[PDB]
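Source file: model_6.txt; contents: compact mmCIF, C-alpha atoms.
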# COMPACT_ATOMS: atom_id res chain seq x y z
CA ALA N 1084 115.91 127.05 98.57
CA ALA N 1085 114.79 130.61 97.85
CA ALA N 1086 116.20 132.80 95.14
CA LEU N 1087 115.58 136.42 94.52
CA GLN N 1088 116.72 138.14 91.33
CA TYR N 1089 116.11 141.79 90.70
CA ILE N 1090 115.12 142.73 87.21
CA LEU N 1091 114.97 146.44 86.73
CA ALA N 1092 113.72 146.79 83.21
CA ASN N 1093 111.00 144.23 83.76
CA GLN N 1094 109.82 145.16 87.28
CA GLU N 1095 110.06 141.53 88.21
CA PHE N 1096 111.69 139.42 90.87
CA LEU N 1097 112.34 135.80 90.13
CA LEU N 1098 111.04 133.54 92.78
CA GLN N 1099 112.47 130.08 93.17
CA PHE N 1100 110.97 128.45 96.16
CA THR N 1101 111.05 124.84 97.48
CA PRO N 1102 107.81 122.84 97.68
CA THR N 1103 108.20 121.62 101.18
CA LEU N 1104 105.78 122.44 104.03
CA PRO N 1105 102.03 123.16 103.77
CA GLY N 1106 101.76 126.82 104.18
CA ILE N 1107 99.90 129.68 102.62
CA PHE N 1108 102.11 132.82 102.64
CA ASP N 1109 100.89 136.31 102.70
CA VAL N 1110 102.60 138.93 100.64
CA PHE N 1111 102.51 142.67 101.13
CA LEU N 1112 103.32 145.49 98.80
CA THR N 1113 106.86 146.82 98.32
CA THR N 1114 107.53 150.26 96.87
CA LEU N 1115 109.19 153.03 98.79
CA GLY N 1116 106.91 154.40 101.50
CA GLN N 1117 105.50 151.00 102.30
CA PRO N 1118 101.72 151.44 102.51
CA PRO N 1119 99.45 148.99 104.40
CA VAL N 1120 98.05 146.69 101.74
CA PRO N 1121 98.46 142.98 100.95
CA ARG N 1122 98.49 141.25 97.59
CA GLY N 1123 97.68 137.70 98.43
CA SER N 1124 98.76 134.19 99.20
CA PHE N 1125 101.53 131.87 97.95
CA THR N 1126 101.29 128.12 98.51
CA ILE N 1127 104.10 125.82 99.33
CA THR N 1128 103.58 122.22 98.48
CA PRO N 1129 104.17 118.70 99.91
CA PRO N 1130 106.57 116.44 98.10
CA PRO N 1131 106.04 113.27 96.07
CA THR N 1132 107.54 110.53 98.18
CA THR N 1133 107.12 106.99 96.79
CA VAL N 1134 108.86 103.85 98.13
CA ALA N 1135 108.81 100.71 96.00
CA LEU N 1136 110.39 97.35 96.43
CA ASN N 1137 112.16 95.83 93.47
CA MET N 1138 112.84 92.20 92.87
CA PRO N 1139 115.92 90.13 93.78
CA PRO N 1140 117.61 90.09 90.39
CA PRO N 1141 118.62 86.44 90.15
CA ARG N 1142 115.84 83.87 90.38
CA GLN N 1143 117.75 82.39 93.24
CA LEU N 1144 116.80 81.97 96.89
CA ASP N 1145 119.59 83.02 99.20
CA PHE N 1146 118.53 81.30 102.43
CA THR N 1147 121.85 82.04 104.08
CA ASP N 1148 123.69 84.76 106.05
CA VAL N 1149 124.20 86.81 102.85
CA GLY N 1150 120.46 86.79 102.04
CA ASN N 1151 119.32 88.59 98.88
CA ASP N 1152 118.98 91.91 97.06
CA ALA N 1153 115.47 93.22 97.14
CA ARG N 1154 116.21 96.66 95.92
CA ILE N 1155 114.29 99.91 96.75
CA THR N 1156 113.15 102.73 94.52
CA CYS N 1157 112.71 105.64 96.95
CA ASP N 1158 112.77 109.39 96.96
CA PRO N 1159 115.80 110.08 99.24
CA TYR N 1160 114.23 110.45 102.72
CA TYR N 1161 114.84 107.34 104.87
CA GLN N 1162 117.43 104.64 105.27
CA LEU N 1163 117.09 101.26 106.90
CA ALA N 1164 113.46 101.16 106.51
CA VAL N 1165 111.72 97.91 107.49
CA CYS N 1166 109.02 97.65 110.11
CA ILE N 1167 106.11 96.00 111.76
CA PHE N 1168 103.78 96.89 114.65
CA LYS N 1169 104.05 97.30 118.38
CA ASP N 1170 101.17 97.89 120.73
CA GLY N 1171 99.87 101.07 119.15
CA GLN N 1172 102.98 102.23 117.40
CA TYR N 1173 105.42 100.35 115.16
CA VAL N 1174 108.11 97.95 115.99
CA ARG N 1175 111.44 98.13 114.31
CA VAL N 1176 112.94 95.30 112.35
CA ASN N 1177 115.70 92.88 113.45
CA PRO N 1178 119.01 94.66 112.67
CA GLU N 1179 120.82 91.62 111.28
CA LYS N 1180 118.48 90.61 108.46
CA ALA N 1181 117.11 93.85 107.10
CA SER N 1182 120.14 95.51 105.79
CA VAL N 1183 119.27 98.38 103.56
CA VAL N 1184 122.82 99.18 102.52
CA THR N 1185 125.12 100.89 100.11
CA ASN N 1186 125.83 103.56 97.52
CA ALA N 1187 124.48 101.26 94.84
CA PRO N 1188 121.45 101.70 92.69
CA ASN N 1189 119.19 103.72 94.96
CA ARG N 1190 118.47 101.71 98.14
CA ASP N 1191 119.78 98.15 98.26
CA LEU N 1192 118.12 95.61 100.58
CA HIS N 1193 120.10 92.56 101.44
CA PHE N 1194 117.56 90.53 103.34
CA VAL N 1195 118.15 87.26 105.13
CA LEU N 1196 115.32 84.93 104.27
CA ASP N 1197 113.35 83.24 107.01
CA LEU N 1198 110.34 80.95 107.24
CA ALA N 1199 108.98 83.24 109.97
CA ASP N 1200 107.60 85.11 107.12
CA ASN N 1201 104.72 82.56 106.70
CA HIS N 1202 102.92 84.03 109.69
CA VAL N 1203 104.09 87.58 109.19
CA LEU N 1204 104.16 90.58 106.82
CA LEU N 1205 106.62 93.52 107.07
CA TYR N 1206 106.30 97.08 105.80
CA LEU N 1207 108.94 99.29 104.10
CA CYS N 1208 108.51 102.23 106.36
CA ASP N 1209 109.23 105.89 106.95
CA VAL N 1210 112.02 106.37 109.40
CA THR N 1211 112.79 110.06 109.64
CA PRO N 1212 110.05 111.36 111.89
CA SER N 1213 109.43 110.48 115.57
CA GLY N 1214 106.55 108.43 114.29
CA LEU N 1215 106.50 105.58 111.83
CA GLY N 1216 104.61 105.51 108.51
CA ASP N 1217 104.01 109.21 107.91
CA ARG N 1218 105.90 109.29 104.59
CA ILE N 1219 104.30 105.95 103.97
CA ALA N 1220 105.03 102.31 104.47
CA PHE N 1221 105.37 99.83 101.58
CA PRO N 1222 103.62 96.51 102.41
CA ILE N 1223 106.35 94.10 101.30
CA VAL N 1224 104.34 91.32 99.75
CA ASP N 1225 107.37 90.14 97.83
CA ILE N 1226 109.15 88.74 100.82
CA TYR N 1227 106.23 86.68 102.17
CA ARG N 1228 106.37 84.35 99.14
CA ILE N 1229 108.82 81.96 100.59
CA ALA N 1230 109.55 78.70 98.82
CA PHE N 1231 110.48 75.37 100.32
CA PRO N 1232 112.93 73.41 98.08
CA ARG N 1233 114.12 69.92 98.73
CA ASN N 1234 117.70 70.77 98.02
CA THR N 1235 118.63 74.00 99.89
CA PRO N 1236 117.87 74.16 103.59
CA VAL N 1237 115.17 76.34 105.04
CA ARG N 1238 115.75 78.60 108.04
CA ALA N 1239 113.03 79.15 110.57
CA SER N 1240 112.81 81.70 113.33
CA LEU N 1241 110.19 82.58 115.93
CA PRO N 1242 107.48 84.25 113.86
CA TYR N 1243 105.92 85.59 117.10
CA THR N 1244 105.70 84.77 120.74
CA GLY N 1245 102.71 82.39 120.32
CA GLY N 1246 102.66 78.69 120.09
CA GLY N 1247 103.98 77.27 116.86
CA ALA N 1248 104.51 73.66 117.72
CA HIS N 1249 102.80 72.57 114.54
CA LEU N 1250 105.91 72.94 112.45
CA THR N 1251 105.88 69.82 110.36
CA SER N 1252 107.49 67.87 107.52
CA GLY N 1253 104.56 66.08 105.96
CA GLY N 1254 102.93 65.99 109.34
CA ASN N 1255 105.80 64.89 111.55
CA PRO N 1256 106.77 67.42 114.17
CA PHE N 1257 110.23 69.03 114.12
CA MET N 1258 112.03 71.88 115.86
CA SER N 1259 108.77 73.32 116.90
CA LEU N 1260 108.21 77.13 117.34
CA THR N 1261 108.42 77.60 121.08
CA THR N 1262 108.21 74.30 123.00
CA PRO N 1263 110.07 72.48 125.79
CA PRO N 1264 112.47 70.23 124.00
CA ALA N 1265 111.82 70.29 120.31
CA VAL N 1266 112.39 67.23 118.12
CA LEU N 1267 115.78 68.01 116.61
CA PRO N 1268 116.56 65.46 113.87
CA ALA N 1269 119.88 64.84 112.17
CA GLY N 1270 119.35 67.57 109.58
CA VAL N 1271 118.56 70.44 111.96
CA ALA N 1272 120.70 72.87 113.84
CA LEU N 1273 120.36 76.27 115.43
CA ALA N 1274 121.36 79.47 113.72
CA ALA N 1275 123.73 81.59 115.73
CA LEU N 1276 122.63 84.51 113.61
CA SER N 1277 119.56 85.37 115.73
CA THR N 1278 117.37 86.46 112.95
CA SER N 1279 114.15 86.25 114.97
CA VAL N 1280 111.49 88.95 115.40
CA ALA N 1281 111.59 87.83 119.01
CA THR N 1282 114.07 87.44 121.85
CA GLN N 1283 112.88 84.26 123.51
CA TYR N 1284 113.66 81.89 120.58
CA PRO N 1285 116.20 82.33 117.78
CA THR N 1286 116.51 81.12 114.24
CA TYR N 1287 117.25 77.51 113.35
CA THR N 1288 118.13 75.55 110.25
CA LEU N 1289 115.71 73.04 108.91
CA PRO N 1290 117.09 70.82 106.14
CA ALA N 1291 116.32 70.42 102.49
CA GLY N 1292 112.65 70.07 103.28
CA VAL N 1293 109.06 71.10 102.98
CA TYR N 1294 107.61 72.19 106.34
CA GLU N 1295 104.05 73.14 107.23
CA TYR N 1296 104.27 76.47 108.87
CA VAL N 1297 101.52 76.23 111.48
CA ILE N 1298 100.41 77.56 114.73
CA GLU N 1299 97.89 75.86 117.11

Just dump the structure as structure tokens.
Amino acid sequence: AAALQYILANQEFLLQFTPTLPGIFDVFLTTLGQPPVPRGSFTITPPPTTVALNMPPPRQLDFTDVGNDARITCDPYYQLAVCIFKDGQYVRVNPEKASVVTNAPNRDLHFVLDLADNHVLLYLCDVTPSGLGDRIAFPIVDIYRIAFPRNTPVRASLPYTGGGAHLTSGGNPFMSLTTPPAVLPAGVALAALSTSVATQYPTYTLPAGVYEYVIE
């Protein structure tokens, strides 16, 4: 926005300008006959854009399809804003699990928990440009801190395309991360909701159980 109000008595023009784009604007003299002479330079200014993740409000771990509300405090620039990296650029999040949704307080993230997150960190990331992370990315430490209770099941999905056979309940191997037939016990079953960073193998449910999230 630019606003221009003519004030006779005062010989002044009110200038309301938006701090947007870096730019240093050159102004020239107006009075009648319009003589060749400049006055100087006016500077337009880049915006404060901060994006901050806020805690899931209940102390409760929604390891289901509903997941949980990890709110965002953002200056209104970008929606559906979770990312990681792809050979040289950045690779966009699974669309099921990373639902930044609704005309709630600010930006509301309803994120489906997954053990994947033991061998992987995501960033809350600038969407709007044809390039990711210009108006920053928020390293989402908050989500990585996944807990393993022995009363609500734990869902695990292919954390990346490498060999995670070492998925273990006190040592014993289970539904290993990428292997020709995994050891599916009587408390495990595969999660139709393909909440996996990768295509090859989708999410499964491990039971009420503590599992060592390890690679080879």

Kindly provide, as AutoDock Vina command-line options, the centre and edge lengths (Å, one decimal) of an axis-aligned box around all atoms of segment 1216-1222 of chain N given in the file, with 3 Å on each side.
--center_x 104.8 --center_y 102.9 --center_z 105.0 --size_x 8.3 --size_y 18.8 --size_z 12.9

Tell me, counting only C-alpha atoms, for each residue of segment 1111-1191 of chain N within 7 Å of segment 1209-1228 of chain N, which pair of atoms is nearest and how far apart they are in Å to one decimal, in rows ordered by chain and increasing number, as a tab-separated table.
residue	atom	partner	partner_atom	distance
N:1132	CA	N:1218	CA	6.7
N:1134	CA	N:1221	CA	6.3
N:1135	CA	N:1221	CA	6.6
N:1161	CA	N:1210	CA	5.4
N:1164	CA	N:1210	CA	6.1
N:1173	CA	N:1215	CA	6.3

Next item on the list: With a distance cut-off of 9 Å and all atoms listed in the file, select the neighbouring residues of segment 1104-1111 of chain N, excluding the residue or stretch itself and same-chain residues fewer than 2 positions from it, and output the selection as a ChimeraX atom specification.
Entry: /N:1101-1102,1113,1117-1130

(message) Would you compute the distance between atom CA of residue 1201 of chain N and atom CA of residue 1261 of chain N? Give it in Å to one decimal.
(response)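 These two atoms are separated by 15.7 Å.
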
- prompt: Which residue out of N:1259, N:1186, N:1244, N:1162 has the minimum interatomic distance to residue 1283 of chain N when all atoms listed in the file are used?
  reply: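 That would be N:1244, the residue with the smallest distance to residue 1283 of chain N.
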
File contents for segment 1234-1277 of chain N with N, CA and C atoms as a short mmCIF file (atom, residue, chain, number, x, y, z; two decimals), in the first residue's frame:
data_model
loop_
_atom_site.label_atom_id
_atom_site.label_comp_id
_atom_site.auth_asym_id
_atom_site.auth_seq_id
_atom_site.Cartn_x
_atom_site.Cartn_y
_atom_site.Cartn_z
N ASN N 1234 1.79 -49.49 26.75
CA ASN N 1234 0.34 -49.50 26.85
C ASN N 1234 -0.46 -48.97 25.67
N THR N 1235 0.01 -47.99 24.91
CA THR N 1235 -0.40 -47.62 23.57
C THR N 1235 0.61 -47.99 22.49
N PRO N 1236 0.09 -48.68 21.47
CA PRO N 1236 0.94 -49.10 20.36
C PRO N 1236 1.68 -47.95 19.70
N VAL N 1237 2.75 -48.40 19.04
CA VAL N 1237 3.75 -47.55 18.41
C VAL N 1237 3.85 -47.81 16.91
N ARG N 1238 3.53 -46.81 16.09
CA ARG N 1238 3.57 -47.01 14.65
C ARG N 1238 4.82 -46.57 13.92
N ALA N 1239 5.39 -47.55 13.21
CA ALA N 1239 6.64 -47.39 12.52
C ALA N 1239 6.57 -47.47 11.00
N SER N 1240 7.17 -46.45 10.38
CA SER N 1240 7.20 -46.40 8.93
C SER N 1240 8.58 -46.09 8.36
N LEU N 1241 8.88 -46.71 7.22
CA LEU N 1241 10.17 -46.53 6.57
C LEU N 1241 11.00 -45.25 6.60
N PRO N 1242 11.92 -45.12 7.56
CA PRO N 1242 12.44 -43.81 7.92
C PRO N 1242 13.26 -43.20 6.80
N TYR N 1243 13.90 -44.04 5.99
CA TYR N 1243 14.45 -43.95 4.66
C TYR N 1243 14.75 -45.30 4.03
N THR N 1244 15.14 -45.19 2.76
CA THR N 1244 15.29 -46.33 1.89
C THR N 1244 16.39 -47.33 2.22
N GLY N 1245 17.24 -47.04 3.21
CA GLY N 1245 18.26 -47.90 3.75
C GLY N 1245 17.69 -48.86 4.80
N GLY N 1246 18.60 -49.81 4.98
CA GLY N 1246 18.42 -51.05 5.71
C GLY N 1246 18.27 -50.95 7.23
N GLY N 1247 17.00 -50.87 7.63
CA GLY N 1247 16.65 -50.95 9.04
C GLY N 1247 15.97 -52.25 9.46
N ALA N 1248 16.81 -53.29 9.44
CA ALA N 1248 16.41 -54.59 9.93
C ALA N 1248 16.48 -54.79 11.44
N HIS N 1249 17.26 -53.88 12.03
CA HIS N 1249 17.62 -53.89 13.43
C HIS N 1249 16.61 -53.37 14.44
N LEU N 1250 15.37 -53.41 13.96
CA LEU N 1250 14.21 -52.95 14.69
C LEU N 1250 13.85 -54.03 15.69
N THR N 1251 13.91 -53.70 16.98
CA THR N 1251 14.02 -54.72 17.99
C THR N 1251 13.30 -54.43 19.30
N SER N 1252 12.56 -55.40 19.84
CA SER N 1252 12.06 -55.31 21.19
C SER N 1252 12.91 -56.16 22.12
N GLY N 1253 13.65 -55.41 22.93
CA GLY N 1253 14.76 -55.84 23.76
C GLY N 1253 15.65 -56.81 23.00
N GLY N 1254 16.07 -56.40 21.80
CA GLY N 1254 16.92 -57.30 21.05
C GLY N 1254 16.36 -58.15 19.92
N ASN N 1255 15.21 -58.75 20.23
CA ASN N 1255 14.49 -59.60 19.30
C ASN N 1255 14.08 -58.84 18.05
N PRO N 1256 14.26 -59.43 16.87
CA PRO N 1256 13.86 -58.69 15.69
C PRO N 1256 12.35 -58.76 15.45
N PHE N 1257 11.77 -57.67 14.93
CA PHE N 1257 10.37 -57.63 14.55
C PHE N 1257 9.97 -57.52 13.09
N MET N 1258 8.93 -56.75 12.76
CA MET N 1258 8.76 -56.13 11.46
C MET N 1258 9.78 -55.09 11.01
N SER N 1259 10.90 -55.72 10.65
CA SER N 1259 12.09 -54.98 10.28
C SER N 1259 11.90 -53.93 9.19
N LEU N 1260 12.64 -52.82 9.16
CA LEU N 1260 12.56 -51.77 8.16
C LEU N 1260 13.34 -52.16 6.91
N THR N 1261 12.54 -52.59 5.94
CA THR N 1261 12.94 -53.10 4.65
C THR N 1261 13.76 -54.36 4.78
N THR N 1262 13.10 -55.51 4.61
CA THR N 1262 13.58 -56.87 4.56
C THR N 1262 12.57 -57.84 3.95
N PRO N 1263 13.05 -58.84 3.22
CA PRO N 1263 12.27 -59.97 2.75
C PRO N 1263 11.83 -60.80 3.95
N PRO N 1264 10.57 -61.22 3.93
CA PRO N 1264 9.70 -61.38 5.08
C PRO N 1264 10.19 -61.06 6.49
N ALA N 1265 9.64 -59.93 6.96
CA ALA N 1265 9.75 -59.56 8.36
C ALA N 1265 8.95 -60.42 9.32
N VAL N 1266 9.48 -60.52 10.54
CA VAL N 1266 8.95 -61.30 11.64
C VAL N 1266 7.75 -60.58 12.24
N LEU N 1267 6.57 -60.87 11.68
CA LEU N 1267 5.34 -60.29 12.17
C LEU N 1267 4.71 -61.08 13.30
N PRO N 1268 4.87 -60.67 14.56
CA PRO N 1268 4.23 -61.36 15.67
C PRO N 1268 2.75 -61.01 15.76
N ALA N 1269 2.09 -61.70 16.70
CA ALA N 1269 0.70 -61.49 17.03
C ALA N 1269 0.14 -60.18 17.58
N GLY N 1270 1.04 -59.21 17.79
CA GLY N 1270 0.70 -57.83 18.07
C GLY N 1270 0.96 -56.74 17.03
N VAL N 1271 1.36 -57.18 15.84
CA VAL N 1271 1.75 -56.32 14.74
C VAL N 1271 0.90 -56.45 13.48
N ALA N 1272 0.64 -55.28 12.89
CA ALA N 1272 -0.16 -55.28 11.68
C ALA N 1272 0.04 -53.98 10.90
N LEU N 1273 -0.07 -54.09 9.58
CA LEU N 1273 0.31 -52.98 8.73
C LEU N 1273 -0.74 -51.89 8.50
N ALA N 1274 -0.24 -50.66 8.58
CA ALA N 1274 -1.08 -49.49 8.59
C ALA N 1274 -1.45 -48.87 7.25
N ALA N 1275 -2.69 -49.18 6.85
CA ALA N 1275 -3.17 -48.80 5.54
C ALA N 1275 -2.87 -47.37 5.12
N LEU N 1276 -3.04 -46.50 6.10
CA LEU N 1276 -2.55 -45.14 6.14
C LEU N 1276 -1.04 -45.13 5.96
N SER N 1277 -0.60 -45.04 4.71
CA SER N 1277 0.79 -45.02 4.27
C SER N 1277 1.41 -43.66 4.57
#
